[PDB]
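Taking the form deposited in one PDB entry, here's one chain by itself in structure tokens.
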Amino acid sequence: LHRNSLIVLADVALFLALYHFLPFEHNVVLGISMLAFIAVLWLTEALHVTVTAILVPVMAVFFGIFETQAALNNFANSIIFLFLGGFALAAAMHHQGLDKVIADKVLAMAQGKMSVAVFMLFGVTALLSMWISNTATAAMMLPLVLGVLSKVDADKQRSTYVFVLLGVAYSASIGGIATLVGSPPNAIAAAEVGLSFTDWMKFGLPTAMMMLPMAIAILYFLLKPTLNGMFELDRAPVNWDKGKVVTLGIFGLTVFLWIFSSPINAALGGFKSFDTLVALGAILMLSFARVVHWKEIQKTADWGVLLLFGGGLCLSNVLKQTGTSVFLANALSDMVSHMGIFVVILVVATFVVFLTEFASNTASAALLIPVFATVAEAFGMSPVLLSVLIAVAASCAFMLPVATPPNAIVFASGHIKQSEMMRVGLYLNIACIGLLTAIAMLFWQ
């Protein structure tokens, strides 16, 4: 009776159809049919992203592709735990309120100027997003933005207070491209191609550094009248209490080890997934240092995303084991050789940057990273490029709301028009397809 119940039944139909009608070796048929089935369920979101994730192994198992335990073992990949470490690290500094103090201390550095208020509001939202979340960084920023844009209250003077709203919802999404913790897509790429924390930063941090100015520039040079206004610094000030310095200290130490993981680990006996150990170490230090309780981490952690990671890896393995990766490689063989590597990575970048407007950031990564990385491997090319690309572009949702929660958070502020966002994002999309295809060409040799 419901929309989604039908999408599911139409997908069950589609599967059954593809299954019986495709004219290939049995494994490829099964692999293709499953790919389509999942593809639909993640893009439509007829079932919850995480329920679909769980659907992957239970199919794999019933269709004899894997044994139950083999399939499940995916959900215990070391990146999954690295991400759970980053969740606990966030939980700590939120419960501790170290996110508020980093906001106040930087925001009140700007004395009383709306010019240097919004510019510091974007610079914080981005720096906080590197470690925290997107949905979380955005929802935490909204009250602090509405606090500032209350002195220039005239909402017949909209474009002042739309620039600073749309500004953070993008700064949250762009800041999420800086490190391996931040936005799930990054983690899905890292789990797929086997990246370290310090690996993904060598890619993303440059891209975030480039894209934040470029995005502010584009919002600016549409309609900004904000070189005017004054501050209302209205609320109780902040102060470092029972080891907000400790939470910072652990955080600093953790982030330090993540960066210097390569020499530190090598000069320790070369442990296997060092970054993950550092991440689990963080959870231990944070608990021994009494600084955060476990009930907190259990609330903060998006276990649904952690389960998603696994289902996506399971999918990747279903494609390999059924030879569907090799089959598509053969099928695209003539096409990709008739295209350039420029042409390809332009098509890819474009495709996702717009697909991510209609569907979930991570759901899109969870579908496309496996398909592309595994096909790239059948071509015997390093799957890293295509994977990192997809993950960055999947976090480039700038048009409508519903694209990301950050977009829909500043939108519910009952002010910003549907039409307005749809055209700043349309420029910023292309702007990125440029920047990405640009950078993706430079990171080659």
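Just count from 1 along the sequence shown to find any residue number. Basically, rigid core = biggest C-alpha set you can superpose within 1.5 Å across the two forms.
Heads up, the form deposited in another entry isn't pictured, but that's what we're talking about next.
When both forms sit on the same rigid core, the CA shifts between this form and the one not shown reach 2 angstroms or more only at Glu357 out of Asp104, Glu296, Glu357, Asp199.
The two forms, fitted on the rigid core, differ between this form and the one not shown by 2 Å or more at the CA of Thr160.
In the other entry, the Cα-Cα separation between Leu368 and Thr356 grows by 3 Å or more relative to the displayed conformation. Relative to the displayed conformation, the Cα-Cα distance from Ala189 to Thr356 grows by 3 Å or more in the other entry.
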